[PDB]
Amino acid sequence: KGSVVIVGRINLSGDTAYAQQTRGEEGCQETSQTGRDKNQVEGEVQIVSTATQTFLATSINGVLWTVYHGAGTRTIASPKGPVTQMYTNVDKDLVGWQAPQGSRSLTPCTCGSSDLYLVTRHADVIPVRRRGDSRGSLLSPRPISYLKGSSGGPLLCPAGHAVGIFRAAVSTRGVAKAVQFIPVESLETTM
């Protein structure tokens, strides 16, 4: 199987969040096969792809994290070739690689806030009220299509620190009312 390939990023550096593509589909396919990606990486949230799926990956404490149901056991493409996973935990739906050079890492949240913000692959910043260790409710529910492809993205606190990794959606009749996530403390324990 090919490598996971970084194909873009969510720019959060300014006052406006927006998605940027850094590699098109043909270059993605070639890069997945070789595992050799010479593109410069920037930012905290990467848009990633395999031959068959696209989703997100988030750098926290020097590790690029994403979901097992997107990446499986795959390597990630890098300037020196394929890089093997540093963490794999199917029971948490969690994988991680060493963060690529040029990426910036989020810091784990320590403030205990229950007012969260989910960042999607379309650079929507969606307010979420935390409802448990691994769940939060959308303040404004919306069709699940708006969340598809955003697994591996971050939930952030009001200070912009990482609270969790988006894993699954709670959907009733196609409407997403809540999200389910990997708490950052599970990542910290993994580390």
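The numbering used is simple: start at 1 and walk along the sequence shown.
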- Higher average CA B factor in the deposited record is what I'm after, so tell me if that's 173 to 181 or 10 to 18. 10 to 18
- Note on the structure: Comparing mean C-alpha B factor in the record for 63 to 71 and 121 to 129, the higher one is 121 to 129
- Task: Determine which member of 135, 161, 142, 148 has the highest CA B-factor, using the values in the deposited entry.
- Result: 142
- Item | residue 43 - Cα temperature factor, lowest/middle/highest third of chain | middle
- Task: Within this chain's modelled residues, let me know which third the CA B factor of residue 90 belongs to: lowest, middle or highest.
- Result: lowest
- Third of chain Cα B-factors occupied by residue 79: highest
- Query: According to the PDB entry, is the CA B factor of residue 189 in the bottom, middle or top third of its chain, that is, lowest, middle or highest?
  - Reply: highest
- Rank-wise, by C-alpha B-factor, drop residue 52 into the lowest, middle or highest third of its chain. highest
